[PDB]
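Values quoted throughout were computed directly from the atomic coordinates according to the rules given, and no laboratory measurement underlies them. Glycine also receives a Cβ, built like all others from the backbone with ideal geometry; neighbour counts cover every protein chain displayed.
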Ligand SMILES: CC1=C[C@@H]2O[C@@H]3[C@H](O)C[C@](C)([C@@]2(CO)[C@H](O)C1=O)[C@]31CO1
Ligand SMILES: [Mg+2]
Ligand code: NA
């Protein structure tokens with residue numbers, strides 16, 4: 001038995017309600033291999049659960065009442081995490097490995113309804129019902145295997161989910177866990193962010209509390225037609241964007257990263273096409289997800305939810321028209337560790353002080369029409385894991401498609417050669433213009 005209070009940050013209503021999904025594709029040479037794939041995975045899940053029982057638990061809330069959104073804990077559920085095994089080899093609506101390869105692994109070929117064990121959003125059957133900490137699905141497709149992992153978002157951010165998956169891979173291989181891994185997996189969560197003393201409200205929580213007169217909130221489904229698409233950026237395209245940004249930096253900015261440069265290029269490209277439907281004076285906010293473990297001095301192997309955002313406010317015309325380096329400098333300027341730490345402590349403290357957490361959101365004031373809400377998974381280690389399956393490393397690592405959430409965006413785990421894959425969700429008007437935009441298509445290959 002275990003009763004592990006979630007990270008205070010994981011008590012955010014918008015995180016408690018969603019699952020983060022990721023899919024790994026492997027080629028499978030012969031259908032004779034599938035029974036061993038399954039048994040290897042089941043034995044790995046069993047070994048993992050024996051070492052760290054909470055990975056098989058569920059997230060459960062208690063103390064909910066009027067004006068009290070309660071407190072959630074990881075508590076026992078089943079003996080092992082649930083894996084669903086699904087044979088799609090003869091399903092004509094399923095993808096095939098050759099179809100994938102020919103289309104360049106599009107998001108539309110990773111349909112969460114077909115290849116994931118549970119939806120991202122709390123929509124449909126069984127989303128009212130236990131919330132398992134992690135759920136898995138093995139999908140047999142013609143010539144291949146799609147492994148999908150779902151993580152309960154209050155229990156883990158993608159850095160934490162990567163930590164968990166990485167240890168699952170070790171458990172499948174029957175490789176020992178290190179002492180540091182075991183320690184990180186068992187750190188107390190409710191104390192991992194030290195609170196601020198005598199804190200009511202401050203700039204730490206700017207852009208994170210919903211107000212009646214300000215548009216924003218969690219996973220806003222806009223009443224406009226929208227879609228998801230992947231765009232790939234070659235290692236050369238990425239280095240040319242980084243070069244272009246580096247040449248045009250603000251005087252206050254010594255350097256920017258590859259990630260900064262692409263995030264900036266997208267904000268600029270989005271703002272540029274949006275000029276076709278709104279005035280340049282229209283405000284625009286970039287909300288950028290940031291792993292807060294380094295600022296807090298926490299192990300990269302901590303499997304919980306320790307993430308914040310940085311916020312950047314300008315206007316559509318300014319962002320579109322300024323240099324790439326000006327825009328990348330905006331982003332880099334908010335990454336001082338001391339700042340991230342103070343802001344993160346402030347958010348955690350505000351949450352701790354307030355039984356009613358219903359107004360708190362990482363995108364509290366991000367207007368979907370003009371904003372960019374981006375989370376980069378570029379640094380996570382998913383391209384390296386083989387799960388003892390004998391299939392080699394993943395051929396691709398892609399997020400499943402789900403309902404369009406206007407202005408929400410992700411970077412996939414960076415391919416070892418340096419290729420980036422960006423998932424963009426935009427209203428049709430914006431998406432169509434972006435795809436036809438020469439400055440965009442110079443670097444971005446549309447995949448879908
Ligand atoms: C459905 C959905 C998932 C989201 O993904 C990334 C990150 O995992 C948290 C979130 C704040 C996030 C959480 O709400 C985002 O705003 C969202 O709507 C996000 C945009 O930064
Ligand atoms: Mg409320
Ligand atoms: Na050790």
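Output the number of the condition that residue 323 fails; it satisfies all remaining conditions of (1) touching a strand residue (DSSP E or B) at 6+ places or on another chain (Cβ under 9 Å); (2) surrounded by fewer than 20 Cβ atoms within 10 Å (Cβ to Cβ).
Against the list (1) touching a strand residue (DSSP E or B) at 6+ places or on another chain (Cβ under 9 Å); (2) surrounded by fewer than 20 Cβ atoms within 10 Å (Cβ to Cβ), residue 323 comes up short only on (1).
Scanning the stretch 351-366 for residues that are assigned to a loop (DSSP other than H, G, I, E, B) and buried (at least 19 other Cβ atoms within 10 Å of the Cβ), which turns out nearest to ligand 3 (Cβ to nearest atom)?
362
Determine whether residue 194 is in contact with a helix residue (DSSP H, G or I) (Cβ under 9 Å, 6 or more places away or on another chain) and within 16 Å of ligand 3 (Cβ to nearest atom).
When the stated conditions are applied, residue 194 does not pass them.
Away from ligand 2 (no atom under 16 Å from the Cβ), over 29 Å from residue 178 (Cβ atoms), part of a helix (DSSP H, G or I) and in contact with a helix residue (DSSP H, G or I) (Cβ under 9 Å, 6 or more places away or on another chain): is that true of residue 348 in this structure?
no
Looking at the stretch 186-204 only, could you name the residues that are surrounded by fewer than 18 Cβ atoms within 10 Å (Cβ to Cβ) and not in a loop (DSSP other than H, G, I, E, B)?
Scanning the stretch 186-204 gives a single hit, 203.
Just give me the residues in the stretch 11-32 being under 17 Å from residue 303 (Cβ atoms) and in a helix (DSSP H, G or I), in sequence order.
If the condition is that a residue be under 17 Å from residue 303 (Cβ atoms) and in a helix (DSSP H, G or I), then 11, 15, 16 are the ones that fit.
Just give me the residues in the stretch 303-324 being outside any strand (DSSP E or B) and within 16 Å of ligand 1 (Cβ to nearest atom), in sequence order.
303, 304, 305, 306
What number goes with the only condition from (1) part of a loop (DSSP other than H, G, I, E, B); (2) farther than 30 Å from residue 53 by Cβ that residue 284 does not pass?
(1)
What about residue 218, is it more than 14 Å from residue 360 (Cα to Cα) and within 16 Å of ligand 2 (Cβ to nearest atom)?
no
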